[PDB]
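Enquirer: Sequence and experimental coordinates follow.
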Amino acid sequence: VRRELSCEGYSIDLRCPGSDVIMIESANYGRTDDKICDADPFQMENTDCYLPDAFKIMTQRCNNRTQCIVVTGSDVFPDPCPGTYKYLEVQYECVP
Amino acid sequence: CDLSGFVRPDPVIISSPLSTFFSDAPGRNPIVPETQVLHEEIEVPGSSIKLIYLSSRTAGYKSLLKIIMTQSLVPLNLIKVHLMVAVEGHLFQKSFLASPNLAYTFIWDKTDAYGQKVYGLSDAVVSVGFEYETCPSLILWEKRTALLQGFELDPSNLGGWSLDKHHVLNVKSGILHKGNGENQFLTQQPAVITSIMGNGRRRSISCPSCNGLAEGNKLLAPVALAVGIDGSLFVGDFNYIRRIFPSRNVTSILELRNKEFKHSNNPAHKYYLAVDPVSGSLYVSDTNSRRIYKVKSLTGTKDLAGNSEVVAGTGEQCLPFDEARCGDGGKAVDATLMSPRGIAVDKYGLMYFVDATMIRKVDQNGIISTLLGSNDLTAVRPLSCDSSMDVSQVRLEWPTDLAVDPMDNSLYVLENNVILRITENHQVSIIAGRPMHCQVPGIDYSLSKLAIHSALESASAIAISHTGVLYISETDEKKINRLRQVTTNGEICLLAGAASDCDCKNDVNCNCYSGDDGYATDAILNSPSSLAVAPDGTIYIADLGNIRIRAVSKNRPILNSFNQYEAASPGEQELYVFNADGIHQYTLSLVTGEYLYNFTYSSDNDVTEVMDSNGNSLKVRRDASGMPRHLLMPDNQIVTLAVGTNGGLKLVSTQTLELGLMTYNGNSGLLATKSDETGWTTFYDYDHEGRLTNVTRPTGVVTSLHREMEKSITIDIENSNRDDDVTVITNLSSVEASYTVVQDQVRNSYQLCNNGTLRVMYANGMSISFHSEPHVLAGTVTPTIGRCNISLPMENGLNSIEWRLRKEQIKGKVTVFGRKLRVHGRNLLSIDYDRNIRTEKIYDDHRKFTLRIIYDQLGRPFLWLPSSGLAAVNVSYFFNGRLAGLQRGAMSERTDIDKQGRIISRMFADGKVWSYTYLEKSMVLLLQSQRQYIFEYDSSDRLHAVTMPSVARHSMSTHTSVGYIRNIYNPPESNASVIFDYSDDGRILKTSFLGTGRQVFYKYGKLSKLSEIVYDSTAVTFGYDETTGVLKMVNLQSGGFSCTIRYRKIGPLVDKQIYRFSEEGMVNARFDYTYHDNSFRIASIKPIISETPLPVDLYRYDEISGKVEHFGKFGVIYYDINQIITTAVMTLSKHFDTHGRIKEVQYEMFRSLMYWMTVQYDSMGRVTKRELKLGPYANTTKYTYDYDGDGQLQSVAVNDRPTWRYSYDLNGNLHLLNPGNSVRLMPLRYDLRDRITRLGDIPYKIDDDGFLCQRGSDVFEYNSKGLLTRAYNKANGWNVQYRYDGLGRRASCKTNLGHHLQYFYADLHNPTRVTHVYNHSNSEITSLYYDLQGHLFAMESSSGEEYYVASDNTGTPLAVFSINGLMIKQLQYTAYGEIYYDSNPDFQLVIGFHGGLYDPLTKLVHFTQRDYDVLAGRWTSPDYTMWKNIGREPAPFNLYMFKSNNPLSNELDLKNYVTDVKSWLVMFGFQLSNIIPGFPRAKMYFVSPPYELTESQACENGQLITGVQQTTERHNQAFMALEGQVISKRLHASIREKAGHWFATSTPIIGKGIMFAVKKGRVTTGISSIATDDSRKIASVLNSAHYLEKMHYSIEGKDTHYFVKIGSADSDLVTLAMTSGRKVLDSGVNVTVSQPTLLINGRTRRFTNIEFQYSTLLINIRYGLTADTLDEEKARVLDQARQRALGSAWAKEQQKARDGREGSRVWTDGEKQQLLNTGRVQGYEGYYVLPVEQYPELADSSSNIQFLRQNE
Ligand SMILES: *[C@@H]1O[C@H](CO)[C@@H](O[C@@H]2O[C@H](CO)[C@@H](O[C@@H]3O[C@H](CO[C@H]4O[C@H](CO)[C@@H](O)[C@H](O[C@H]5O[C@H](CO)[C@@H](O)[C@H](O)[C@@H]5O)[C@@H]4O)[C@@H](O)[C@H](O[C@H]4O[C@H](CO)[C@@H](O)[C@H](O)[C@@H]4O[C@H]4O[C@H](CO)[C@@H](O)[C@H](O)[C@@H]4O[C@H]4O[C@H](CO)[C@@H](O)[C@H](O)[C@@H]4O)[C@@H]3O)[C@H](O)[C@H]2NC(C)=O)[C@H](O)[C@H]1NC(C)=O
Ligand SMILES: *[C@@H]1O[C@H](CO)[C@@H](O[C@@H]2O[C@H](CO)[C@@H](O)[C@H](O)[C@H]2NC(C)=O)[C@H](O)[C@H]1NC(C)=O
Ligand SMILES: *[C@@H]1O[C@H](CO)[C@@H](O[C@@H]2O[C@H](CO)[C@@H](O)[C@H](O)[C@H]2NC(C)=O)[C@H](O)[C@H]1NC(C)=O
Ligand SMILES: *[C@@H]1O[C@H](CO)[C@@H](O[C@@H]2O[C@H](CO)[C@@H](O)[C@H](O)[C@H]2NC(C)=O)[C@H](O)[C@H]1NC(C)=O
Ligand SMILES: *[C@@H]1O[C@H](CO)[C@@H](O)[C@H](O)[C@H]1NC(C)=O
């Protein structure tokens, strides 16, 4: 298992060695912790912000690829909690 | 007489700067240049608390006031100039005659008119008068104010000295006087803005509940302000006039019936207030009612509407052209007013007011008149820009506010954005503002700090303080809403009100109210209408737009609910608590909140006990009068204190040691002399002003400080021994204190601004701006650097670092203190401390790093809990808080202490125990193997001798010499001395090896940086840029050969590196570097070797951690602490265990495993098992390692079968081994000095310096620098020559067998790392690639070939794989690095054992500073620098043994126990050095680099000579601090360390209490009270002598210094009480008087000779009468040195012929035979290579001699 995390507006970079390809294990766009991605008091107001389609979006964009770049924002993901400063948290593997 | 248009006096007043500067290390540098202050210290045993002396905390340190009253041009009619100075009741008066550039400097003794001491800060009133020839009776006067520093408070009362941790607060002046010498003038910090009345909401017109507390009390419209004689603030709150009492309570005193709620913000209904200073009467003037009123009762009666009485006006508005002149000449009550505006009341009680366009008077009798008489348009002349005209010539257009100057008694008028002054003599002049008369091009130079040259933008109000300071309110009502200050000198600056981005009147979504309870310059005001100055100097603002009254106050500590004062030091992370009298109660941690120090006093408030957090109490035992007797240390040790009759601390001593001996200059308190236990006496000289002028040392070195006090204060710093002249220029203004540090043409600028900003503009081009903010915990009283904006001279050179502080309060008490580090709006790290659970959480913003540090009940960190399942680190402490033990999983190291606090035992987790026994200054260290080391010490804990288990005794000594401190190490039973000569500042000057005569000379230039290195016939020069001061060139010159390294820099960063050679065949190199935008990160490296461009290597990083994500063609992946290096072809996986040690390496190529290694360790971290598979189909080999009782490698087994055996001497010398692959056991032999003599049957030869000389037939030639220049074997027919650069790195390798390689160092972070190799036989370049641990893993050729290297745990290459994944080379090494198997010997590998450069001919592995012998298993030379710290840290040691005879494991150090945040971060791949500019990079060196190499990297860092440079460094270091508290990771006792003193001090010739100075080769001596009679005899003889500069030599082991005296020895012979022979003094010093006869170049000469000698130090004096005496002695000493150089060179040449070794010159069979029989060769003579005329220090050097015939 490999881990990547990026705050809102920043890209997440996934890379596999040689000919190995990405396989998405888990993904979430939102907020599950009060300490991750520091901002105004309004950031820590919601630790139960989940996007069910985050796994589907990451799977479609990154699976079977040597590398993947995804921006943590409104251009790629819907908003599961407007007003709360979000982040994209992903767990993945490199398979043949 | 009438003086109109006459030149007014414009004096320039310069006050002596405040003592704000102190030293970071008073023991290293006691001189504070800017304030000419001496900052000294005395370290006491048993405590970390020091005794501090600051020369500014004395009576002798006077206050200065330079008054320049006249310039180069003098007015025509001027005849006399008068001066008046008023300070604390004193009145100095002096008359002078008119002269160009006339100036006087006033000296204040810091006393009042009653002769009593004045403490804190005082105000001086300077009056300058101009008497003209036209009128001798009248004098034109001008009053100006200046700030003078008074007496500083003495907290500790220890004879002028203070306790390091003991502070005091001056409550009246607002000054924090710290015991360490730090002074914090709190009132000089940024001004604070607060709301004293109003809440931003309007009250009802009826004023219900208006009589209560001022704070938060609703206002309607504050249009006028006036301060009463009581200190009360009268508020013109539109409808009502409300009085704010000093008790902070409000009561309505007068109601105005003509005011309606609708007209609140109407300018027509605006009225003006004024307080009469005579009687506290309040005058009201309403423009709308056309009258002036006086408040009857200031307490407020029942009927408030009728509490006023008419002073002037009837109520009717009179026409502009009135016949009766609106009632002028008669009673004011009966008169009529046009429109009364601003009112001001004179000192005499005279009332002045603005009436439409004129100024009218109302005298004591009640008669109205006109001061500025209008309607006289004919006599009116337009406003003169320079000259001052009478009231009659002045016309006023739209005048508003009016105020009296309480210092001048002059009237100030605010008229159409121009402030004018009406003097008592009725003279009018422009004070502030630029009229249209001389707008453009009135001033060609444009911008200046003067008020006359600065235009006023919509001014509304004016106020004048008692110090004559004018405050101007400016309101545009849109964006301009500010308060400006005009000082007595005429300078204008912003005091309050930042430029608002938003429109206050037009924009609806706007908030023009901010900055309250913060700094004034940052605050945003809204429509300021009126101003008033409080008695304490605070400025009140009628902030009409925000319906509030705001106060701009001096930054001061406020009395809390507990009747206590609080101040803090964020840099030291401390909070100081003082009582109501400013007496130091406690010192708490600013982070932890735990008590660090508790102070208890006597009945007379004299400090008697300092109790630390650990329970260590330092008691001050005192007399009934408060006089100190002694100090009772925490270990119950008595430190005797003797205070002299002058009140100065005379003696500080223990029962054995004399820690300090001092003498003072009379009753001034100025420290004259200071002596220690060694007898080293420092002499201090001051001027009559008490400013430090000279510092003389026993070395003869004098540091001089010269002050030139003009418009700018310049301090010149000079040294008698160096050409490093430093000059500091100080320019003090209203906005900032400007400093310029000049070294030749290299200028560094420093700016300390009033807003709290510190700006540095380095000569290199880089600028740093530190910005202050009030502390989140301590408040406005302590400004903190929370922002740092960096600028580099490049395209995208703007960088920004930020510290965001926060707090969590539960029930009014601090629970959590958070700190977040940010770079360009991104959080990198957060350090939060939770006081409730005592944990310090350090965490990343992306779940990558998490560390928790647990603190005990005493507030000490004891447990480090890391993430990723890593082994936790825990520590033990003794009762006194000293570190007892350390533990990291299974690894532990504990100690036991004495009742005296000395380590008696050392326990390891494997059961190993070391015992420490103390017996009469000697310590015996015994190991369980019964190996014994005896360390003999001084009273000062400095080594005298070291006895090894072999019973061989090594001896050491240190002595003060002429211009330096000499450190001598003598090997067992040998005279072959190893000497390290250091300057007074601790810089290396000379390294000498007396055995063969090896010498390395270090010279320092004009920038106080390394300029030259001279050894043998080689000269290395360091060139610096004349303007930027950066290192531009490094050139090595050895005869014909020249090696030049040139640099180009972007600020302090290298962007270009050039390599140039003078040799025929040698190729040149160029490396171009680029940096990532808005960072200090290297983005690319572009090499060009032999004019052949190579591919660019790109570098990619993680912006949050600094982790290298991509380098060249390689990509890096990080997971926990493990790393993966990937390519489309290869994957290199590195796995680390819980202790951060490598456990598995995996090298895959084309998805196939090429190499894998597994390392296993014991409890102590020693390698016990290693499994290796070299190749995809090869078998796996298991290696098992066993260690002896001392952790020395005993045996190595291959697949559980014993193959190698190792045995050791009592000294740790490897005396038994199985060489290479052999089963045969070979013995090694050693002499008394631990030098190898035999390896089996092969004899070894090590010279008298400790360097490898021969191994059988192999001959090795090491230079003075310790570098192998040549190696050959005549029998085997091979020869190898090496070339080195100026930084001590190997540049080339050339053999007689065709081999020729060149080495290049392109890595700026790893300067000793070989990155490129040029091969001359095929002309191809090899690029070397290293992993994150520094091990070689890949290679790339310029031909297109790619190689993949398999390296072990030590960085040793074991296998090479081709571009097609095929193993082409496989190597097998023994534990000590000897190759026994090589599958392909033709494939030449540059890097060998332990990552060094291996040579297959010599069998040596090269590391930049040392060479390692693979056959013997030891180094080829000793590291003599080991002797410097072996005394402080005693342990088993050997000068030659490799890695403590454990070659496969990482060297055991206390750094293995991770107890600091920066070290934990490094493990996780984090590189803070890449994200935080200036942050120290973690050193990746096996062998320490040479002095010049480490110096070339650190020279770009800012210098620390001056006080402003040290202030800047404190700002930088405090900004880079991570943990709130750092532990002292030391399992050894603290030793008092002196600069350049390594060993036990020898009795000096220049005795204690004797002054010795050598200025321009001339000797001067002085005598103090403590000096003995025999020491005074030496001083008397040495006085007026001339020293032979650069002509001092080491002759027969003696440190000889030559001197000359012009005259007769008769006078000096009477002093010595001898005629001839040798005499022994009380000190033991030998005095030898003789009359030698010398034959120098055919000339015979006889003279008297007096010689002073103690041990190796020899001082020689020659007597003569002629002027040529100095020139004759110079010619004599050089001829005698030439004889020594020639004698030695011919002897060495004869020995080379005898040994069968190659000589310096090619001799024929006849020439060689002549040399063997006679010793000399006919026709041949020795000549100097480096000229003796430029290099007199190499006059006796045989290595600087070449044999040549007369043919040349
Ligand atoms: C600075 O620059 C210098 C150049 O100016 C440079 O010096 C040169 O370095 C290269 C590389 O090391 C040297 O080349 C080597 O020469 C070896 C010597 O072999 C000679 O002798 C044999 C008879 O005894 C001849 O058969 C052989 O002929 C071959 O080469 C001819 C070219 O001259 C060619 O015309 C022929 O057709 C024929 O092919 C030759 O005259 C040579 O053995 C060596 O080859 C091995 O190494 C290569 C990689 O370096 C491999 O690609 C290659 O396959 C070889 O590996 C095999 O041998 C190794 C050693 O025994 C084993 O470790 C390998 O596992 C492998 O063994 C297998 O294959 C064998 C058959 O191929 C078989 O017998 C085994 O059983 C096993 O199955 C290589 O070509 C060159 O001589 C140097 N040049 C000069 C002018 O000095 C210097 O190093 C540079 N310095 C630095 C610091 O960079
Ligand atoms: C680090 O913590 C360990 C506990 O994990 C300490 O080990 C204990 O030490 C005492 C002696 O003071 C022994 O009696 C116990 O048996 C040990 N506890 C156990 C069960 O592990 C250790 O002393 C600490 N290390 C240091 C040097 O402070
Ligand atoms: C170390 O001791 C040796 C021997 O005492 C010194 O060498 C002698 O020096 C004198 C004077 O220069 C010569 O006349 C002798 O011929 C030398 N003796 C021999 C045979 O070596 C040497 O100078 C001393 N060196 C130091 C560093 O003091
Ligand atoms: C003063 O001079 C005497 C005589 O030259 C020195 O004493 C000699 O020192 C050497 C070396 O320690 C001894 O081997 C001799 O036995 C001593 N000779 C005599 C005759 O006393 C003495 O060391 C000198 N003083 C100092 C402190 O350097
Ligand atoms: C100040 O005003 C309060 C009402 O707000 C009143 O209770 C108190 O007595 C007054 N205190 C003084 C200073 O007299």
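Expert: Nice, I can see it. Numbering: from 1, shown residues only, chains lettered A, B, ... in the order given. Ligands and ions are numbered 1, 2, ... in the order given.

Enquirer: contacts and neighbour counts: CA atoms only from here.
Expert: Fine.

Enquirer: the strands in the stretch 551-700 of chain B, which residues?
Expert: B:565-569, B:574-578, B:584-589, B:595-601, B:607-612, B:617-622, B:628-632, B:638-643, B:649-653, B:658-664, B:671-675, B:681-686, B:692-696 (DSSP state E, counting those that start in this stretch).

Enquirer: which SS class is residue B:846?
Expert: coil (DSSP: H, G, I helix; E, B strand; the rest coil).

Enquirer: do you know how far it is from residue A:23?
Expert: 21 Å (Cα to Cα, to the nearest Å).

Enquirer: do you know how far residue B:600 is from residue B:608?
Expert: 6 Å.

Enquirer: Go through the strands of the stretch 551-700 of chain B and name the closest to residue B:1149.
Expert: The closest of these to residue B:1149 is strand B:584-589. By Cα to Cα, the value is 55.6 Å.

Enquirer: partners of the closest one in the sheet?
Expert: Using DSSP bridges, strand B:584-589 pairs in its sheet with strand B:574-578 (antiparallel), strand B:595-601 (antiparallel).

Enquirer: Tell me how many other residues crowd the residue of chain A found nearest ligand 1.
Expert: Nearest to ligand 1 in chain A, going by Cα to the nearest ligand atom, is residue A:18, at a distance of 24.5 Å. Neighbour count for residue A:18, taken as other Cα atoms under 10 Å in any protein chain shown: 18.

Enquirer: Skipping its backbone neighbours, what lies nearest it in space?
Expert: Counting by Cα to Cα, 6 or more residues apart in numbering or on different chains, residue A:18 lies nearest to residue B:1128, which is 4.3 Å off, once chain neighbours are set aside.

Enquirer: Where does that neighbour sit, in terms of helix or strand?
Expert: Using DSSP states H and E, residue B:1128 falls within no helix or strand.

Enquirer: Now tell me what touches stretch B:301-308 from outside.
Expert: Stretch B:301-308 has contacts (Cα atoms under 8 Å, 6 or more residues apart in numbering or on different chains) with B:252-257, B:293-297, B:300.

Enquirer: filter the residues you listed to the buried ones?
Expert: Those of these that meet the buried threshold are B:252-256, B:293-296, B:300, by 16 or more other Cα atoms under 10 Å in any protein chain shown.

Enquirer: So which of the residues you listed are in strands?
Expert: B:252-255, B:293-295 (DSSP state E).

Enquirer: neighbours around the residue in chain B that ligand 5 sits nearest to, how many?
Expert: Going by Cα to the nearest ligand atom, ligand 5 is nearest to residue B:212 of chain B, at 3.4 Å. Using other Cα under 10 Å, the number of residues around residue B:212 comes to 13.

Enquirer: Dump the strands paired with strand B:584-589 to TSV, plus mean neighbour count and distance to ligand 4.
Expert: Converted to TSV, these look like this (neighbours: other Cα atoms under 10 Å in any protein chain shown; distance: least, Cα to the nearest ligand atom, whole Å):
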stretch	mean neighbour count	distance to ligand 4
strand B:574-578	21	51
strand B:595-601	19	48
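
Enquirer: Which one of these lies nearest to residue B:1001?
Expert: strand B:574-578 (45.1 Å).

Enquirer: Could you check the angle that closest one makes with strand B:565-569?
Expert: If you take axes from the mean of the first three to the mean of the last three Cα atoms, to 10 degrees, strand B:574-578 sits at 160 degrees to strand B:565-569.

Enquirer: Bridging across strands, which residues link to the closest residue to residue A:3 other than its chain neighbours?
Expert: Distances taken as Cα to Cα, 6+ apart put residue A:91 closest to residue A:3, at 4.8 Å, once the chain neighbours are dropped. Beta-bridge partners of residue A:91, counted by DSSP bridges, are residue A:3, residue A:26.

Enquirer: hang on, isn't residue A:91 packed against residue A:23?
Expert: No: Residue A:91 lies out of contact with residue A:23 (Cα atoms under 8 Å); the separation is 9.0 Å.

Enquirer: out of the two, which sits in the more crowded spot?
Expert: Neighbour count, other Cα under 10 Å: between residue A:91 and residue A:23, residue A:23 has more, with 20 against 17.

Enquirer: Let me see the contact set for the more buried one.
Expert: A:59, A:62-64, A:92-95.

Enquirer: mind redoing it with 7 Å?
Expert: A:63-64, A:92-95 (Cα atoms under 7 Å, 6 or more residues apart in numbering or on different chains).

Enquirer: Can you lay out the residues you listed as CSV showing secondary structure?
Expert: Formatted as CSV, the contacts of residue A:23 follow (three-state DSSP):
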residue, secondary structure
A:63, coil
A:64, coil
A:92, strand
A:93, strand
A:94, strand
A:95, strand
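
Enquirer: Among those, name the buried ones.
Expert: A:63-64, A:92-94.

Enquirer: Can you pick out the most distant pair from those?
Expert: A:64 and A:92 (11.9 Å).

Enquirer: Now do the shared contacts for those two.
Expert: A:22-23.

Enquirer: sorry, back to before: just the buried ones among the contacts of stretch B:301-308 now: which is nearest chain A?
Expert: residue B:252 (43.1 Å; Cα to the nearest Cα).

Enquirer: The closest residue to that closest one other than its chain neighbours bridge partners, please.
Expert: Once flanking residues are discounted, residue B:252 sits nearest to residue B:242: 4.3 Å by Cα to Cα, 6+ apart. Following DSSP bridges, residue B:242 is listed with bridge partners residue B:235, residue B:252.

Enquirer: Which residues are in contact with residue 95?
Expert: In the absence of a named chain, this looks at chain A. Residues in contact with residue A:95, defined by Cα under 7 Å, 6+ apart, are A:20-23.

Enquirer: nope, chain B please
Expert: Per Cα under 7 Å, 6+ apart, neighbours of residue B:95: B:81-83.

Enquirer: among these, which are in helices?
Expert: Assignment to helices by DSSP state H places none of those there.

Enquirer: Identify the residues contacting the nearest residue to residue B:883 once chain neighbours are set aside.
Expert: Excluding the flanking residues, the one nearest residue B:883 by Cα to Cα, 6+ apart is residue B:877, at 4.6 Å. Residues near residue B:877 by Cα under 7 Å, 6+ apart: B:883-885.
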